[PDB]
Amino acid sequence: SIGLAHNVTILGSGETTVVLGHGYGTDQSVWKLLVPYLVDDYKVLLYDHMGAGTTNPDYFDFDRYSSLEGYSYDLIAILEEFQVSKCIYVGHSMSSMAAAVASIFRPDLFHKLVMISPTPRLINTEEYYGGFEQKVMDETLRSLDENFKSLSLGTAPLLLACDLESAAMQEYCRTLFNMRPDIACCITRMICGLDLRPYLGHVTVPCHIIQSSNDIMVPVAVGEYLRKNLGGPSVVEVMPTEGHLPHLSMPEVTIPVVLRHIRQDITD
């Protein structure tokens, strides 16, 4: 049953449901500081994507989770099982993109998407700057499996824009290293290879794009790219934060921004 498999948790109450979807290397615990500001006003559904360390490795299908679509279809099943519709979906990074793709198939399930640090593609082309070069990525990925921990530890302070010794680092590493290594490497390769650009013009539900001003995984111009290429309305807000997980590392700035986008619609 899909609820157990994804550790679904339900809290709060209200006519509108907020669904919180974590990104890579974290689980639903990443939302712990946001939840108190929602519980009085909304019903809230939290879940773990398949392959988070809190999930059963026996349910991780390496074929399905080698592309983002599998996550989008799982999300639809979760929403249906829990009788959620017209939700406010808040996602970090590829969770928000998984919801965007889901919303093409099931626009009835989504009132709006609140997207923290989204990107549709990491790898550069002659016409698109995602921040990563194919030839470097190819070398790095060749030895990923044997170097997962060392590469992850070595890059995390830059990814997070936090010190090695920080509480944010300790928390991210706790969940990151809870994944089974083979699963973590599958998910990593999936993310590195994504190209969701063909879907964007067919996303029509309203999107609220929240970015850090300096994020090694998301060039600041990606937000404007999304606004220009999405098929429906959107808003872009760059925050005075650094790092790819500002909801984890800079909650004092980020939480008020996220709350504003949850609470305030841009369409009637």
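Here the rigid core means the biggest group of C-alpha atoms that line up within 1.5 Å when the two forms are laid on top of each other. All residue numbers refer to positions in the sequence shown, first residue = 1.
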Exercise for the section: Kindly name the stretch, out of 164-172 and 85-93, whose CA atoms are displaced more from this form in 7 other deposited structures of this protein after the core superposition? Expected result: 164-172
Handout entry: in 7 other deposited structures of this protein, rigid core aligned: more displaced of 102-110 and 140-148 by C-alpha RMS
Key = 140-148
Completion exercise
Stretch with higher mean Cα temperature factor, 80-88 vs 110-118, is 80-88
Fill in the blank from the handout: Comparing mean C-alpha B factor in the record for 43-51 and 62-70, the higher one is 62-70
Completion exercise
By the entry's values, the third containing the CA B factor of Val220 is the highest
Fill in the blank from the handout: Of the three thirds of Cα B-factor ranks in this chain, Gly14 occupies the highest
Fill in the blank from the handout: By the entry's values, the third containing the CA B factor of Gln134 is the highest
Completion exercise
By the entry's values, the third containing the CA B factor of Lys228 is the middle
Problem - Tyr37, C-alpha B-factor rank within chain (lowest, middle or highest third) - result: highest
